[PDB]
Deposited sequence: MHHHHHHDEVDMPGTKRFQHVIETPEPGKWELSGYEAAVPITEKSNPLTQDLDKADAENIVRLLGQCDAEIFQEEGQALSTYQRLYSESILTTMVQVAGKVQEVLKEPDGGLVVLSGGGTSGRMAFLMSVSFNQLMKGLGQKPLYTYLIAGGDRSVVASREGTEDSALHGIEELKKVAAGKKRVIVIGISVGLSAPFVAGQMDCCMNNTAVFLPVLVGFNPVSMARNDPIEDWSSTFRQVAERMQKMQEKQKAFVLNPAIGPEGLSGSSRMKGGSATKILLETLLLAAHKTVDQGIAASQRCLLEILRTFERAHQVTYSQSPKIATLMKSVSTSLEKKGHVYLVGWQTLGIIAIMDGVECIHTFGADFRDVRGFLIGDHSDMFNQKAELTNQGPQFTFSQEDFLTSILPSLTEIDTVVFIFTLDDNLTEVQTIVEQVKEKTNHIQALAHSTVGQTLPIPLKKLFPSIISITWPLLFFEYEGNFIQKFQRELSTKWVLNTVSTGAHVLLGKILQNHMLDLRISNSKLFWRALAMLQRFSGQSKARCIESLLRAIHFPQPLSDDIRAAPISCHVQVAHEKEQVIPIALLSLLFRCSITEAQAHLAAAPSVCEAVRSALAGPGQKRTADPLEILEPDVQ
């Protein structure tokens, strides 16, 4: 009928109690699943939250069980990492007309960028011409902006890839898509496979290829799945690679900026860094070289989360300022500044939060006085300001800005990375009572700017800020179990996530859920046959513009009532969250 093929991939809602037996749950990609550790995340207190997310993040390093999915430390994955290091080496050997592209949408795009800078530094440090570049969905703008809608075009991905691949002779394209989902990457990988002579595609994400996305893409004929299955066949001739360890679901379902983006760095820093370091040695990269690095990253988690109580406290101070109407400033230097910006921006689409709510800053890119003059006066009793640096930074720029802020505000916890026995000027730097002191062992490093210390630190900061930003909002009651129900539908993936949440929470048929959603989106216009049959991009473009789409749609279903009736109920309840939870009751 009208809309049958648009919605064909959607599995029917199972009956009460048979979610397993129907096998609907077997087809939910690992990346979208509900993480059982966080079933009650919306009841956890701050310290619980930090523990549950610490646990979730730990799952990245968990090893393979005895009929089950390959993981980071499984031999197949490390062997693929080794082969890829190899191919990166051939390019490094012969940089003339060589290029290495790291590409993704959203947080995969952000991760791509950091890493292309890092490995560009590393080659500058050795006086080699930089061979790395990034590509992000929607151009460079996207690195530091919330722009969730730009991932949905395969021709845009191919366009962007054709720009930077110029008249290069040998190009490595690392397509990063956590969910093995983004149309932006799918076209790139497919294009590479059509010109092997020049391109080598390497696909990175965290689902088995059997769970790769498989609904049609509006500007492209193949699906992500087909593209990935065909890359996997090519791997046997070593002309494509798929690097896809399971890392377990996200503690907030489908919030792939968290574990997904973490594991992206872990996986890609590790392997690239191996390729470089072993290329100067005239040795092949080996599982043993990768393992040293992976184990360092695994220590980095333990190191990071041992500071848990201070993490729960910072969370509680971020949650408080938001619970009033304050604002949160993440102030950090060099790449940890960026990471802070990245975190704050991602809270907009992730939690429906305003850009002032949690906002990052680098010394978005403001100077010492500049921040003192412009941003400083706007601060207030109820806010929180977070400072993020190493002892190697310029603590005379640091101490100044804190002095200033300690006046206009008092909540000013802070995040300081140190190699052991660095001290921390001003013993009267009880400007911060009990800092988040993270001190790193000494470790070997032959390269110039100590790249492995950078990677550790960036990851540990990412983990802290993510757990913080995410916990603060959970505490405010905005998360339903371990799902963000009331999200903004701004891309096709988010539209499927919405439809999925409608089925799960209502228990009602696929057809009713779809109808309640489309009515909610297009109200006041009734359901027509054109609307039923529209490409999903038409629903997205209309929903993106509205508020409470999903909660309205869910109420209409639970109450078995019209959109006019559910909007009126909603507006009569004290709050969205209360309207929904009590309707669910």
Unmodelled ranges, which are counted on the deposited sequence from position 1 and given in order: 1-11, 78-79, 377-395, 618-636
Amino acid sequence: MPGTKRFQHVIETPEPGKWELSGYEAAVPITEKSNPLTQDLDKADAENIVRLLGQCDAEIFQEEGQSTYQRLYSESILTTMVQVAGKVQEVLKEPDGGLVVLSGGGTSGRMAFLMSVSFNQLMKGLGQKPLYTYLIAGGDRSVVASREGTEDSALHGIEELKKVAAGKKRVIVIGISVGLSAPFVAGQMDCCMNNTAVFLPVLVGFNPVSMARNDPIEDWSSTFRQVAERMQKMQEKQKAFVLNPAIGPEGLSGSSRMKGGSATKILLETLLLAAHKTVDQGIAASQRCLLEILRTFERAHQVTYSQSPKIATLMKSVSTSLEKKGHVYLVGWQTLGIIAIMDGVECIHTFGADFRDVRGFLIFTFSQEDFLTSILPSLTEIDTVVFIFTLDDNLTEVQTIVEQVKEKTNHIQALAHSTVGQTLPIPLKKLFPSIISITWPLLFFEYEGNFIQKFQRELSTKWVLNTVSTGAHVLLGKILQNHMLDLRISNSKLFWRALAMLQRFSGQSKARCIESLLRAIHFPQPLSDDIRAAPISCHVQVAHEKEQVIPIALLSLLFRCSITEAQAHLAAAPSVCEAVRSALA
From here on, numbers count along this sequence of modelled residues.
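Definition used throughout: the rigid core is the maximal C-alpha set that superposes within 1.5 Å between two forms.
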In 6 other deposited structures of this protein, rigid core aligned: more displaced of 412-420 and 425-433 by C-alpha RMS: 425-433
Segment of higher mean CA temperature factor, 144-152 or 314-322: 314-322
Stretch exceeding the other in mean C-alpha B-factor - 81-89, 400-408: 400-408
Of the residues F351, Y73, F451, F495, the one carrying the largest Cα B-factor as recorded: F451
Of the residues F297, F199, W463, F445, the one carrying the largest Cα B-factor as recorded: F445
Third assignment of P29 from its chain's C-alpha B-factors: lowest
B-factor third for the C-alpha atom of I363 within its chain: highest
CA B-factor ranking of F455, expressed as a third of its chain: lowest
Within-chain third of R225 by Cα B-factor, per the entry: lowest
Relative C-alpha B-factor of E59, binned into the chain's lowest, middle or highest third: lowest
